[PDB]
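Novice: Right, I'll just put the structure down here and ask away after.
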């Protein structure tokens, strides 16, 4: 149907906007601490601690499959990256501190993404 095509075009455009958001958020992790999944070879007990692991590569795979239907779903995954880190790692670690900085700098990006999503529909 033409309605299905139109819905598919809207999803494609949301995916384009989320890719730009993803790139801007990942720039705020210059150490690449959140770039890839926590390795279960290196941290064999990780899934005893963290029930829903997340990282930027995993988000990018989902994005490129058009697997984010709305900005809320994308933000949920970004918040997992931060929140997982802040539980597993202690306050006095480079990892925790990196997540705080990513949260703080990312909030700005996400605040405008929300206005753009609503504005463009």
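In our numbering, the protein residues as written are 251 to 371. Just so it is clear, CB atoms sit at the ideal spot from N, CA and C, and this is done for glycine as well.
1. Closer than 8 Å is the cut-off here; do at least three beta carbon pairs connect the region 310-320 with the region 281-300?
2. Relative to the alpha-carbon of residue 355, which residue among 342, 367, 332 has its alpha-carbon at the smallest distance?
3. Of all Cβ atoms in chain D, is any one closer than 8 Å to the Cβ of residue 336?
4. So, with DSSP's three-state summary, where would you put residue 262?
5. Can you tell me whether residue 285 is helix, strand or coil according to DSSP?
6. Please report the Cβ distance between residue 358 and residue 271, rounded to the nearest whole angstrom; I am assuming they are in contact, meaning their Cβ atoms lie under 8 Å.
7. If you draw a straight line from the alpha carbon of residue 328 to that of residue 304, how long is it in whole angstroms?
Specialist: Quick answer:
1. no
2. 332
3. Here chain D cannot be found, since the structure has a single protein chain.
4. helix
5. Coil at residue 285, not helix or strand.
6. Between residue 271 and residue 358 the Cβ distance is about 11 Å, and since that is not below 8 Å, they are no contact.
7. 8 Å
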